[PDB]
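Here you get one chain, nothing else, as structure tokens; it is the form deposited in one PDB entry.
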């Protein structure tokens, strides 16, 4: 009944072949087989992976059911990680298989599949909800997760209102510390020219970018991989390329040119992994559900400061140049600096096979939401910081090379507890608000949280200071504190 790491993928191929939609993921795993097997072996050498309980795991892809009416790289890398860790995976892609499978101990599912889960099981779905790990690309902030609080704000979300522990939501990039960062692996299939490659397979992505692209064209060739109105005539199109052929072109390319869309994708990381610089359009104002139709109705008010905020903040220069495209002299300076500077290929640790294996194994072994409030990460990692007015708990932790840990909020929510962190409450009141525990420096006063489901890393107090729980993290592995293994 103990998990045994796997080093042969034959059983995984037979599992994935039962679903036609995984055809190209089976091809991707076969390419990445050696990288996966070397990573699981390396993880078993660096950490004690013995005596782990074998878990029966449901993986329900709601987006693949025909009832949804409706991405897959994350699912495959999650399934592969579970498989290599030795767990018992039951893949579901319809209401029928979901009914049959529903002895289960972990449920990976998307929000669309979650509504199918609630309907298939009826009221006893809440009996299982602490086992849910909800793949939610753009993240869910507590303001939208708390159904009654969402109504009080007027939030119209088809995606929120689920009243889960917000750490049960698993995001595509570490942009929402209220959630868990699941991510994926950037596949690496493997002389550089004065040429750029535009990020964008759709011609409509190129509208209005002529002035922008003309600046780059002054210094480099402009290449593309497009399916042609908005494409300048000087663009050297390559057509659609296999992933392997795309990476050879990336090794030939100095600059990967972002157009502003799509947001938060894997392609910039794959460019950087092959020695490309990424020109990352900066957004003023930042784009969110409040001002961008692409984000309308998302269960979050997160603001994207650029096309790829992860690349902007967690990678940065010299690999990522975040520039407002209207600042033509700044764009000229960036393209020119990238022209002579030699950058070496860079891949963040958390987006490698071993990084994800370590991350997902820690989540499986340490994340427990079935006994009320949480005890992992350990309290030892708690580093308290006070955010300034207009600053969120996410920001005050990030600026100090830490990250907000929502499970620590419970330890900063009363008078006596605040003494340990050098904040003296002459007087205290309680509020049900995502912005508390708030501190009042100009006047003694503390406001504590009256609804524990409203603990929120996101959100900035407009007048007061926020008491913010931060934690360290293993370098290149934002999801794990140093003592979290």
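Between two forms, the rigid core is the largest collection of C-alphas that superpose within 1.5 Å. Numbering follows the first chain given and starts at 1.
The form deposited in another entry is left out here; the points below concern that form.
> Out of 148, 373, 237, 291, I need the residue that shifts by 2 angstroms or more at the Cα between the shown form and the other one, core superposed.
It is 373; the other listed residues stay below 2 Å.
> If I superpose the two forms on their rigid core, does the C-alpha of residue 452 end up displaced by 2 Å or more between the shown form and the other one?
False for residue 452: its C-alpha shift is below 2 Å.
> Spell out whether the Cα of residue 16 moves at least 2 Å between the shown form and the other one when the two forms are superposed on their rigid core.
Moves: yes, 2 Å or greater.
> Against the rigid core, is the Cα displacement of residue 432 between the shown form and the other one at least 2 Å?
Shift at residue 432: below 2 Å after core fit.
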